[PDB]
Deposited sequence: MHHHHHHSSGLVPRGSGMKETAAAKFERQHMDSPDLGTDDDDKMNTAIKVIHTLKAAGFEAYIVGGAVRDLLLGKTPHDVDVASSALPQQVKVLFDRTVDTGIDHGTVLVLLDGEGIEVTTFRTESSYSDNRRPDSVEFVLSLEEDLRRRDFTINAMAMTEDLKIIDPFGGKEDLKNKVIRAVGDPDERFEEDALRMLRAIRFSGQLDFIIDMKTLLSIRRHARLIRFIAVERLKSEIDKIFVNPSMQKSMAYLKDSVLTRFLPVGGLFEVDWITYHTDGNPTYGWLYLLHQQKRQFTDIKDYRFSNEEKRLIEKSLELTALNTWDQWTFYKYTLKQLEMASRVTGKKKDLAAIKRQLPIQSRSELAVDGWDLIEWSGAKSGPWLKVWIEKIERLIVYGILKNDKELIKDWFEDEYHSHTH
């Protein structure tokens, strides 16, 4: 935020005092020229990774093989990457000696700018003009950029909504010709880009481009993204886009399971879908489902109830508060432990959640001894 750019300027100054070239590069330059505050600030340098580690007290060496060292300084983290090009196999990183060799194989012209310590902008590919005209355009030959990393095709879509830009005609036609190549991309990278689209502004533009680019033809279950997105308003959670997608089509979670959801995200989607299929919600509904599930289900169905208050006013919040357990029932019934205990604990739990039976051991005992015997 208010400290990342300053810290990167310090990093650059330190790299240059050791005789290396260093520049701000990529998204930070784009954001600076748009008048936004960069979320990430990357530095490109002639220094190799181990030479960066010599110059800074605290570094994180995860991306070393790819040329990247994270520098920890003044409470920020600045990625320092040696000049490099990378290529993706259908199943490779090459360090280079000049900045321009690095820049000419980046994805889009607005991401292929560098800025010096003295605020001079190095813009070999017209990023400044494309930024002013709000155009996402591939650097150089779009066919080549997309053959290098087919995920860039979907990233163009994501950028169009993130920035409210159009996609350059030649670039878009190239995506259409190469959309088949999306099949080689790990579904985790695909899901990460789609999650961004779902929470970004102008997502209806992004979704139209997704279909227009032919990507929906070849994405995993890609045709499912061609719903009417007019009613969609993000709540800041990408999961709500996937739920909105399924709800519009009356489809179930299994239809999108190729994207490898976490067990938590899968549960939120399924339990929310179950809620949208329930005709009436009562105290049991608010007791058994989480508030996040009730809220997401209400959002896709357009309701605007005060869900938190209904849940808050139930007699109890969870099984933890129940005043009896299966061992009480074993005592009172004189029967051996078995699956029957779950049936009868739930009977008692329902009577308590509906406020019929008091949550009190002796009163539950009185009720149980009457109903069981």
From the N-terminus onward, what segments of the deposited sequence lack any C-alpha atom in this model?
1-39, 131-135, 418-421
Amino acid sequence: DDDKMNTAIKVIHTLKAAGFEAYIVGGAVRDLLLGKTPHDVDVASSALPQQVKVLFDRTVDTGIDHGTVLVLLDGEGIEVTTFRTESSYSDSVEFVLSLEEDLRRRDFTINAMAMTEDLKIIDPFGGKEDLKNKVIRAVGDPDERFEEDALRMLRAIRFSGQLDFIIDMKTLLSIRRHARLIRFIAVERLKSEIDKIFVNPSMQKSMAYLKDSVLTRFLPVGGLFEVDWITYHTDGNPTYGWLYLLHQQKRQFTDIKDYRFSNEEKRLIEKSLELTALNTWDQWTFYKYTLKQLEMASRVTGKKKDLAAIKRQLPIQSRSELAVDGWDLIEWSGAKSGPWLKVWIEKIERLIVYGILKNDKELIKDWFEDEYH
From here on, numbers count along this sequence of modelled residues.
Checking the other compared PDB entries, only those that cover the residues flanking it, does residue 88 lack coordinates in at least one third?
yes
Comparing average C-alpha B factors as deposited, tell me which of 43-51 and 305-313 sits higher.
305-313
Quick one: higher average CA temperature factor, 154-162 or 295-303?
295-303
Per the entry, which of 171, 252, 213, 111 tops the list for Cα B factor?
252
Cα B factor band for residue 84 (lowest, middle or highest third within the chain):
lowest
Determine, from the deposited record, the chain-internal third of the Cα B-factor for residue 351: lowest, middle or highest.
middle
Going by the CA temperature factor in the PDB record, which third of the chain does residue 345 belong to: lowest, middle or highest?
middle
Among the modelled residues of its chain, does the C-alpha B-factor of residue 12 lie in the lowest, middle or highest third?
lowest
Going by the entry, which third of its chain does the Cα temperature factor of residue 230 land in?
highest
